[PDB]
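First listed ligand is number 1; within each ligand, the first listed atom is number 1. First the proteins, then the strands, lettered A, B, ... as listed; each starts at 1.
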Amino acid sequence: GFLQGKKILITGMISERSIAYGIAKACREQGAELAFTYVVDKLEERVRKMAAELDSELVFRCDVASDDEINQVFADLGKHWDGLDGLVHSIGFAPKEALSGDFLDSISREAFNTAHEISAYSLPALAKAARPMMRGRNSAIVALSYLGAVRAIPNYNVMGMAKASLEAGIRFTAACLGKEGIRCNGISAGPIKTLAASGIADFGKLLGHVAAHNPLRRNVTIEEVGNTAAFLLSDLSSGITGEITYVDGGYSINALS
Amino acid sequence: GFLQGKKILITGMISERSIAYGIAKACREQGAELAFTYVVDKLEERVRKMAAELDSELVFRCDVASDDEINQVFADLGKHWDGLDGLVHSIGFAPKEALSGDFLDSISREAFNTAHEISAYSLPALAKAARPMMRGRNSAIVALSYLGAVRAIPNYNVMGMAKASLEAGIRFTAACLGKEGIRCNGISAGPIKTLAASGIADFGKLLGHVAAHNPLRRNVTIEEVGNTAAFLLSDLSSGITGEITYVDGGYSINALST
Ligand SMILES: NC(=O)c1ccc[n+]([C@@H]2O[C@H](COP(=O)([O-])OP(=O)(O)OC[C@H]3O[C@@H](n4cnc5c(N)ncnc54)[C@H](O)[C@@H]3O)[C@@H](O)[C@H]2O)c1
Ligand SMILES: NC(=O)c1ccc[n+]([C@@H]2O[C@H](COP(=O)([O-])OP(=O)(O)OC[C@H]3O[C@@H](n4cnc5c(N)ncnc54)[C@H](O)[C@@H]3O)[C@@H](O)[C@H]2O)c1
Ligand SMILES: Cc1c(CN(C)C(=O)/C=C/c2cnc3c(c2)N[C@H](C)[C@H](O)C(=O)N3)oc2ccccc12
Ligand SMILES: Cc1c(CN(C)C(=O)/C=C/c2cnc3c(c2)N[C@H](C)[C@H](O)C(=O)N3)oc2ccccc12
């Protein structure tokens, strides 16, 4: 496969419905060796199990709210790996109450700060902590974004501001690290029913809307997202950096439907 | 590889420097079976010889000025192949004098009409002619664009208008064909010293500028473009349609490079 020899760290894999699971599966299918992070101690067993099915025993606790925890991942991983070829950012969070209802009524300073720190700052923070292991390796970062970065969407509210910050982060990270042989790209995925859809009322209606309106007349899968991530983590994509690739079956490019 | 057994028709391969040659070599490396077009009789032997080195003896004349020739390609190819999995558009042309100097002084009606017919109309025209063969196969189209579509660039002049038309054509073709299982995407490549650069003055200066300013601090290769095309032609990219992907080492996303 086209990721033979690559060693890739994957964040955000919490269940088999996670986008990060689709990414991990697609990467392992292409020959990569994987390592994983998980946010709280409570999740360790589930993540070790999924990791084991993908032939990995390399699992590390990481709350991206914590500079120390982020740094410790790379310290620990560096004892097993000579370097890091791929880094997958698949972390997005805002307080649930900020993701329902009128944008201004639902926003607060605290929710804004949390959403941006966890969903956007985490990309430069991870890239910076990974830099010693990634520099000079012709390596690559992939982060997951969503249409709310560039379009107003009902209920997505402050997460759209956070995604816009993330996508600018992708550009600035790519501009910073390209000379030393690290690429940084985004995927803007169409909606997928993961654990992110939990408590998001009418997610089903969103899915039906996208499948009724997009060129492919269907919703995307975690496999389709994951195969695109695999490509972006591979040397096949060596001419691409700072890019946001839409894996939404063409949804964003249609109007007047 | 990930195009094993896929049948792909490639336009625009005229030398080993061509973008289309990079795409061909990348697709063959992933297992595809290839077929090729050439614009005029003068080129037939060169392209047949290149094709043979890529394990193909399927080569067809096609000047995209001619609807007869465009549709004749697929009639002839259809005698060999029961269907088509991939279609590569790597064709761009404007009169040389329209590509030098002041945009308005250099433009003319004839040059505008030629640039748009050859460089933009040829994408829907080829997609339309290929539709019967490509239908229902989870097949894919890839076309080459350039940053002039979306940014003003010295000397590129009317070709920028033609590339804008082309990129809209990619979106409209994607929206048209998606229900029938055909995807259509673009690659916006960084500058490359192909035969296209011949007769373009100071092309080396343009290359130097891009390598000085882009995130990667280097120009891209036809191999990099080709591997992206291979991905976009494959089922790995089945969630992507109507997209323009920049293979320019990040050049387009940088500013204020002093
Ligand atoms: N599901 C969709 O429709 C969709 C579409 C496009 C983009 N996205 C984005 O894709 C990414 C993955 O989401 P998903 O849908 O797979 O959901 P998911 O809930 O499976 O994954 C989100 C992950 O973020 C992690 N996370 C949250 N806070 C964290 C913290 N402080 N530190 C570390 N990890 C933390 C969670 O533990 C979880 O693993 C997110 O960035 C999301 O915004 C989702
Ligand atoms: N070289 C660059 O810097 C660059 C960067 C981005 C995009 N592009 C685009 O890539 C494509 C391929 O160009 P290239 O750089 O590989 O140069 P090239 O000269 O190798 O290929 C151009 C091709 O266009 C064909 N063509 C011209 N008029 C035609 C006609 N009437 N019918 C059929 N074919 C015709 C030529 O015969 C040739 O094969 C073009 O669309 C070009 O605009 C080039
Ligand atoms: C699409 C789409 C998505 C799916 N999507 C594109 C996302 O980025 C989701 C992000 C998200 C962030 N924080 C959460 C989320 C999801 N969900 C539950 C509640 C989680 O436990 C939590 O407490 N915070 O999320 C939406 C939210 C509103 C409107 C549309 C969408
Ligand atoms: C980059 C860049 C490119 C390279 N590029 C991105 C192109 O699309 C080139 C297009 C092209 C079209 N018609 C031609 C061309 C090139 N060259 C010779 C003369 C050919 O034989 C002919 O008679 N017409 O071309 C440029 C032209 C001007 C400014 C910048 C660029």
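The backbone N or O of B:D105 lies less than 3.5 Å from a partner atom in the side chain of B:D102, making a donor-acceptor pair. Between the A:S198 side chain and the A:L195 main chain, a donor and an acceptor come within less than 3.5 Å of each other. Between the side chain of B:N219 and the main chain of B:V210, no donor-acceptor pair closer than 3.5 Å is present.
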Pairs under 3.5 Å, N/O atoms on ligand 3 and on the protein: can you put them in a table with the distances?
from: ligand 3; atom 1: 8 (O); to: A:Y156; atom 2: OH; distance (Å): 2.6
from: ligand 3; atom 1: 13 (N); to: A:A94; atom 2: N; distance (Å): 2.9
from: ligand 3; atom 1: 13 (N); to: A:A94; atom 2: O; distance (Å): 3.3
from: ligand 3; atom 1: 17 (N); to: A:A196; atom 2: O; distance (Å): 2.9
from: ligand 3; atom 1: 24 (N); to: A:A94; atom 2: O; distance (Å): 2.9

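Residue contacts with ligand 2 leave out B:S188, since none of its heavy atoms falls under 4.0 Å from the ligand. Note on ligand 2: B:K163 sits in its first shell, one or more heavy atoms being nearer than 4.0 Å. Under a 4.0 Å heavy-atom criterion, B:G190 is in contact with ligand 2.
Close approach to B:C62 involves these atoms of ligand 2, each under 4.0 Å from a residue heavy atom: 32 (N), 33 (C). The ligand atoms of ligand 2 that sit less than 4.0 angstrom from a heavy atom of B:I14 are 19 (O), 20 (O), 37 (O), 38 (C), 39 (O). Below 4.0 Å from some heavy atom of B:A196 lie the following atoms of ligand 2, by number and element: 15 (O), 17 (O), 19 (O). Within ligand 2, counting atoms from 1 as listed, the ones closer than 4.0 Å to a heavy atom of B:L195 are 19 (O). Each of the following atoms of ligand 2 lies closer than 4.0 Å to a heavy atom of B:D63: 30 (C), 31 (N), 32 (N). Per-residue contacts place B:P191 under 4.0 angstrom from the following atoms of ligand 2 (heavy atoms of the residue considered): 3 (O).
The distance criterion of under 3.5 Å between nitrogen or oxygen atoms is not met by B:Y146 with respect to ligand 2. By the 3.5 Å distance cut-off applied to N or O atoms, B:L43 is not counted among the residues near ligand 2. Residue B:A20 has no nitrogen or oxygen atom sitting less than 3.5 Å from a nitrogen or oxygen atom of ligand 2, judged on distance alone.
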Compile the donor-acceptor pairs under 3.5 Å between side chains in residues 90-97 of chain A and protein atoms, sequence neighbours left out, one pair per line.
from: A:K96; atom 1: NZ; to: A:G199; atom 2: O; distance (Å): 3.0

| Stepwise side-chain hydrogen bond (donor to acceptor under 3.5 Å, both in side chains) check, B:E117 with B:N113 | CA-CA 6 Å; B:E117 194 175 299; B:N113 290 336; over 6 Å; no
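Applying the side chain to side chain contact (heavy atoms under 4.5 Å, CB included) rule to A:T228 yields the partners A:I187, A:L232, A:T245, A:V247, B:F231, B:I240; only residues at least two apart in sequence or on another chain are considered. In this structure B:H213 satisfies the ring pair (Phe, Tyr, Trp, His ring centres under 6.0 Å) test together with B:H209, sequence neighbours excluded.
Within the 4.0 angstrom cut-off, atom 17 (O) of ligand 2 has one or more protein heavy-atom neighbours.
For atom 6 (C) of ligand 2, the closest non-hydrogen atom on the protein side is B:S145 O, 3.3 Å. Distance from atom 44 (C) of ligand 2 to its nearest protein heavy atom, with residue and atom name: B:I19 CD1, 3.6 Å. Distance from atom 15 (O) of ligand 2 to its nearest protein heavy atom, with residue and atom name: B:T194 OG1, 2.7 Å.
Side-chain contact annotation: B:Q72 with B:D76, donor-acceptor N/O pair under 3.5 Å present.
Scanning B:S90, B:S18, B:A65 for the heavy atom closest to atom 22 (C) of ligand 2 points to B:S90. Considering B:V64, B:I10, B:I192, B:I23 only, the shortest heavy-atom separation from atom 32 (N) of ligand 2 involves B:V64. Remark: among candidates B:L144, B:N219, B:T37, the nearest residue to atom 10 (O) of ligand 2 is B:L144, based on non-hydrogen atoms.
Summarising the geometry, atom CZ belonging to A:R171 is positioned 10.5 Å from atom SG belonging to A:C184; distances are rounded to the nearest 0.5 Å. Interatomic distance, A:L206 CG to A:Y156 OH, rounded to the nearest 0.5 Å: 11.5 Å. In this structure, B:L126 CG and B:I141 CD1 are separated by 8.5 Å, a value rounded to the nearest 0.5 Å. Note that the OG atom of B:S18 and the CD1 atom of B:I14 stand 4.5 Å from one another [nearest 0.5 Å]. Put simply, CD on B:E224 and CG on B:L216 are 7.5 Å apart, with the number rounded to the nearest 0.5 Å.
Residue contacts with ligand 2, taken as heavy atom pairs separated by less than 4.0 Å, involve B:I118 solely via side-chain atoms from C-beta onward. Contacts between B:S119 and ligand 2 below 4.0 angstrom, taking non-hydrogen atoms only, are absent altogether. Residue B:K193 does not touch ligand 2, judged by heavy-atom distances below 4.0 Å.
Atom CZ of B:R131 has more than 12 heavy atoms from other residues, nucleotides or ligands within 6.0 Å. With a 6.0 Å radius and a threshold of 12 heavy atoms from other residues, nucleotides or ligands, B:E45 has its CD atom at or below the threshold.
A salt bridge links B:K25 with B:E223: the distance from a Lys NZ or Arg NE/NH1/NH2 to an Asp or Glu carboxylate oxygen falls below 4.0 Å.
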